[PDB]
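Values below: every heavy atom of this structure, side chains too, minus hydrogens, waters and symmetry copies. Reminder, nothing fancy here: chain letters follow the sequence lines and each chain counts from 1.
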Amino acid sequence: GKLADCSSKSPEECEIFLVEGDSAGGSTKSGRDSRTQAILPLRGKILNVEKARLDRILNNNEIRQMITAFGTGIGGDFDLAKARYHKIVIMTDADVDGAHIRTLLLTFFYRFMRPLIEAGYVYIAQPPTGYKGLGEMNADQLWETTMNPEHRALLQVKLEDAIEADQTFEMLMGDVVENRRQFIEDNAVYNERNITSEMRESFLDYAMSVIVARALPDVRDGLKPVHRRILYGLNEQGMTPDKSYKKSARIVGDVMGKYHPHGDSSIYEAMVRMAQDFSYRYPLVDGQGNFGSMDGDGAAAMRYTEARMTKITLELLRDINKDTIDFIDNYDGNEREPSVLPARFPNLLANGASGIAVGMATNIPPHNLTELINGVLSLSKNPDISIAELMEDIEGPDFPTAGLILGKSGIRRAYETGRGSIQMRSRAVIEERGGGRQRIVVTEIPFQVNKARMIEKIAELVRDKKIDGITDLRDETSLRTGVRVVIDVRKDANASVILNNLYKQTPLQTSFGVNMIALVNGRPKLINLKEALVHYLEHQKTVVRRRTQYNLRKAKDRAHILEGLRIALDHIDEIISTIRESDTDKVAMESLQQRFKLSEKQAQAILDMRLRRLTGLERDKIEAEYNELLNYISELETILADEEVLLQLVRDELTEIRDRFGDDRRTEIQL
Amino acid sequence: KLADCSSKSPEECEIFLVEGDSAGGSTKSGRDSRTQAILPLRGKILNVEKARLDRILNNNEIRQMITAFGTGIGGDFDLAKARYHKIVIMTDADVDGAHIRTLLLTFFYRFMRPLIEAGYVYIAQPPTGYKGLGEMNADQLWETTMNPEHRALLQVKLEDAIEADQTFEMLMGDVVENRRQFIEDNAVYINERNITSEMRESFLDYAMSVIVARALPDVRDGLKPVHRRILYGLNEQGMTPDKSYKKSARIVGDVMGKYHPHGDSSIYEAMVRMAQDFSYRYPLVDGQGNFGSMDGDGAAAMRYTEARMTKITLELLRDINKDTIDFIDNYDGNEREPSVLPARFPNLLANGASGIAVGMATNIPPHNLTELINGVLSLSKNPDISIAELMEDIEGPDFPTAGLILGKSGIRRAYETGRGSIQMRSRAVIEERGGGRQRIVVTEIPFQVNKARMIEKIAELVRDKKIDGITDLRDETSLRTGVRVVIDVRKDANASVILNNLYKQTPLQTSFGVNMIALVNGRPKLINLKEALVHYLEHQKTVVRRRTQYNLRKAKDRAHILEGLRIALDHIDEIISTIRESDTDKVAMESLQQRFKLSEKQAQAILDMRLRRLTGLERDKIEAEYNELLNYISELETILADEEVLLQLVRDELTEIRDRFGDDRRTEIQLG
DNA sequence: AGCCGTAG
DNA sequence: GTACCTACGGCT
DNA sequence: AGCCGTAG
DNA sequence: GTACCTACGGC
Ligand SMILES: O=c1ccc2ccc(F)c3c2n1C[C@H]3CN1CCC(NCc2cc3c(nn2)OCCO3)CC1
Ligand SMILES: Cc1sc(-c2ccccc2Cl)cc1C(=O)N[C@@H](CN)c1ccccc1
Ligand SMILES: Cc1sc(-c2ccccc2Cl)cc1C(=O)N[C@@H](CN)c1ccccc1
Ligand SMILES: [Mn+2]
Ligand SMILES: [Mn+2]
Ligand code: NA
């Protein structure tokens, strides 16, 4: 019913185009030749049939619609002669997700409709380079470039080696992660088409993009691109804590247009989590309005909420405009965006990260800011510090939701190797409720556990009689009292046994599996605690050194200008005479340069000077600024002359941040 | 969706009805969960006053409320079974919140009246300034509206049941005229609440806002608030035709934050229509990407499309920064927006308008711009011109979709009175297809007719055997050929007969019901063709008059500065020494003013002068500017001194616009 | 009828 | 006004 | 086995 | 990635 067929009933001259969604589909339908060309719009990512059970595959709506459209049936019953189109054309967006969707479609054609490929019926379209998605093209341009048999370039998909192609679909699309990961590491780098070559190149294109530009944080600032773009967007709009909140829909529309060419919900939902004090150990966004709850209620629609940077986020963006980090071109070349943030606090470890990539994933727990900075300071004084010594500063993860960690052994393994299992428990106590009866009271729950869902789980166990001795279950949580979950215990039953059982059978006890993978030098890397801290500290040294160099050039440039102004003030009569005698700006400029040994920049500055600069207060200000400047330049040079002084400055600034933003440990690590 | 409280004891339990999930989550968090339950609604609710019982009972929102209350409904209503003794209506403090409140009270009065009689129904009073309950933090919601310690609730009271019956009937019933009369009669520019009063005030607030601030165009620029805000948003962001396309998501978020506090889809779809050349006779938006089709395909998601002003839209905004129109504060006081656009072409008539309001609706067809401007010119030369004479310029509507209008008699009635029915017919011809067989070919369809859907209607008629003689039906439309819909006719059947039947039984012939209502001085008004031209010409006289006055004010301000600069350069050594000798800015200003007879503004301008202005070509170059200004000042004064000269200037600027943007008529008017 | 177009 | 489909990895 | 979070 | 509720007035 989503299919827009062509009028001809002769398959030999008929072509069906497969496109990503209705955005693309509408340009496609308007621009086509309705006589011979059909359009079937799909719905974004389609089922990977290499990983799915067969009944699921047969019951999936997108899959059925293709089968019905092609008309050949599937597997054993496939009948090539019954095909309704001799050309099946894959026309996804010319981007990395476009590529993924193509690997998913080919995988379906190969496993289920193979003769179709063998017959040479499957092609790949080749839309132009410039556009965002096909939804961004005018129908006429899409017709000429991509669908016009006269000018289009199609690739026909050719099946050459079928042993090789089976091995290929299994490797890329199959359920064994390791083989796929190996394939990516090995190949990762910075009109007839063999189906194996198309899968390998298209999948690597997608997989690479997800690893380096989506799902993994950078080790230096702890951010993924969508977060870095959000925060940079708030900086560039002047959405500072002192400044008022800006509506979220404007922030999101802004980020979308300038830096992040993806769907609005991905951006808004990333921003929302950054504002949740139950998600971020040190929240990066300050939100006004409904930003979700521990119960998994979603945030209010973006038209209603407002947001701005938290104060600690200013520390992430500090000195970004002092040539501290490298800018790069944005997605369409009309803007510039930061490659990384200055990150004056160790954000990766402080807020942690979780991302599902391709071939790999990352799980990094959050940490206490005071402990992390103290760890960085200990490292700065001792490059050969061991993990055990570092743990004297950093006890373990510190969750925003507090709770308990059981033992140091999982933490120790994770810090040493980057992988460990950490056991988390809710904070629970047994107390009397009167009448000789007792209750269990939970005041803190494990990190990332949905409270309401945890309670549902307990209720279901009680209902199914899978747990004994619970008379009542209520959520007494309130803004005023904090989290409070009350489990009433049957009189004379052992509450401690019931609690132990709750730990065994519900998320009241949950584990955090540490998998510390981050982008180091543009590549994913499993890193230990020390390595994550070493990368953070080198970054801070580079940022501070660069800021100091930038500030020196700027101060020197400004001093240069002020010397010219001071010269002008010393010979103001002569300066005025020279300018009056000149016919043009260009002559005056040359004459000032010749007569007073001034640079072009100095002369330009003098010619720009307003007459009010001539008053007593203004002359003094020019002289006062120059004298202030000379001292500043001397201070900057001192820092750059001595690596130790530079390093000390890094330590001092970290320390300042520690004292301003460092807070108490929340999570209790129990021996 | 219900988030219930702990207590089982209704006497102390309260249920809060909120607009959506946006307010629901803050409400869930902020409430006392022991005694406060939350039921989020799904925006506007069924009006039970206009609906039959089967539809009422099958509505999910009505069902959830019935289920939650526990009382049952109507005849089976049981007050004792109520699960809460306080049912609290908590919508946003805005016009649409007020509407939701009338809809809820309508359901309660009709299906659960004892609940009101018992005193169980209340209205919360959240604070204003928020633009949504989703906007408030949970602690603010609790303290201001849900905490029993600080909250102010209105208990709804039923005093006169006869009067309330009548009020619910008039405000919410199916008779539009009584409701329209109520709005016309009442419209104008400590813990208990009478239900009749609450209904009359809440409904009037909503109805008036929709009439004056949503669904009806201004007679002066032909726009509704959302369209005006979009265009002003484009001008402000500098999205002119010379600049590159801006992404739609960014344009929309900007309009949302700054001027239009409503949904993104309302803004984006309004912008998309301005871009469609099958909708707008002179498109106001230049769109890049998928902007929808005549088959009712919607535009691509806003993440993909880009947009900017068309060239003609520059004429809507021309002179906006010369104090030609009044600006007003935006919705939250942080911005300024235009009350109306200068509108240098008659956009109301040119592009037409359709809007469903409350108590009334509007339907104004588009027109040919060359014709309209000629009409305005003729009118400007003769205030007593008649409609018939005006029709010598303005033949009738001119649809972007072309086609035919049958006869001039509906056009005439609509122009004379503002109401008329106009028959639009497709352009269709009969031609041979070979073998002695024929086809009907359609290349133009009526305005606002979905082509795919019209084709479906035809296919339906053929399959149901309600029409004889059709053997095939195809849409051969393409970019190369334009609309082409082909109906094959059975050999030896009369094709003209088949075509006449298709006109009678399908949208291939359709009617446009003209009902020209626009806002005139802030009030809706049914207007005829001449009255719409008159208000337009007045607006233009006013814009040009104000523009001239602004320019004159500006030019004198400038001449004044230059007289100070002339004096400064003539005495420059003494000027500089005066400044050098002054300790501060203030002292220099006083000294310059006393010594050289300079105003405060002249002296500031002298102190702001850069040294590079002392170069040679300046004494004369300043004198060059000063000389042109005097001439210009004289030119502006002449215009303000003679109405006829001002009127001629309006005529001239309209004529230039007609020659630059005026195009050929598309819709053919056949007599008859 | 169910559409048209700004709203929740 | 709102609700689900899909990919992807690892842990239970 | 369903969840975590950026994506279509 | 997409689909389907509601108000409102007139034909
Ligand atoms: O609830 C439901 C339930 C079902 C359903 C089905 C199909 C279907 F399409 C949808 C459904 N829905 C909701 C709806 C899906 N939504 C996703 C979000 C999208 N938002 C656009 C947007 C706004 C912006 C912006 N960019 N883009 O830039 C900044 C300003 O605001 C609008 C469509
Ligand atoms: C999947 C990819 S892509 C990539 C790469 C290479 C070069 C340029 C750009 C990129 Cl993106 C490297 C790997 C990879 O697996 N690296 C190994 C290191 N042993 C590994 C194994 C396990 C965990 C993390 C890392
Ligand atoms: C419904 C409203 S509100 C309003 C009004 C009054 C005063 C201030 C602000 C406002 Cl908005 C006037 C009417 C109305 O019906 N006007 C009559 C013309 N007398 C009408 C009748 C039929 C068609 C159009 C217009
Ligand atoms: Mn894409
Ligand atoms: Mn509202
Ligand atoms: Na008809």
Any side-chain N or O of [X] below 4.0 angstrom from OP1/OP2 of [N]?
X: A:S511; N: D:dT12; answer: yes
X: A:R180; N: D:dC8; answer: no
X: A:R43; N: E:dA7; answer: no
X: A:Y280; N: E:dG5; answer: no
X: B:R55; N: F:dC5; answer: no
X: B:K50; N: F:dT6; answer: no
X: B:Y304; N: F:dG1; answer: yes
X: A:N61; N: D:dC5; answer: no
X: A:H227; N: E:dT6; answer: yes
X: B:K224; N: C:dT6; answer: yes
X: A:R303; N: D:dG1; answer: yes

Under 3.5 Å: donor-acceptor pair, side chain of B:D21, backbone of B:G24: no
Backbone N/O of B:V95 and side chain of B:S209: donor-acceptor pair under 3.5 Å: no
How many Å lie between [atom1] on [X] and [atom2] on [N], as a whole number?
X: B:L133; N: C:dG8; atom1: CG; atom2: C1'; result: 13 Å
X: B:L223; N: C:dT6; atom1: CG; atom2: P; result: 11 Å
X: A:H262; N: E:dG8; atom1: NE2; atom2: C1'; result: 10 Å
X: A:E178; N: D:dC8; atom1: CD; atom2: P; result: 16 Å
X: B:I62; N: F:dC5; atom1: CD1; atom2: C1'; result: 12 Å
X: A:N515; N: D:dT12; atom1: CG; atom2: P; result: 12 Å
X: A:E269; N: F:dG1; atom1: CD; atom2: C1'; result: 14 Å
X: A:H100; N: D:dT6; atom1: NE2; atom2: P; result: 14 Å

Taking the same atom, [atom1], in [N] and in [M], what whole-Å distance lies between them?
N: F:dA3; M: C:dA7; atom1: P; result: 24 Å
N: F:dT2; M: C:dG8; atom1: P; result: 23 Å
N: F:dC4; M: C:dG2; atom1: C1'; result: 15 Å

Contact list (N/O, under 3.5 angstrom) for nucleotides 1-4 of chain C vs protein:
residue : atom : partner : partner atom : Å
C:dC4   : OP1  : B:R453  : NH1          : 3.4

Selected nucleotide, minimal atom distance to A:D97 side chain, candidates F:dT6, E:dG8, D:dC8: E:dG8
Pair partner, F:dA3 [Watson-Crick or wobble, under 3.5 Å]: D:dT2
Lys NZ or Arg CZ of A:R273 over A:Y280 ring: under 6.0 Å, within 45°: no
Residue whose nearest DNA chain F nucleotide is more 5′ - B:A301 or B:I45: B:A301
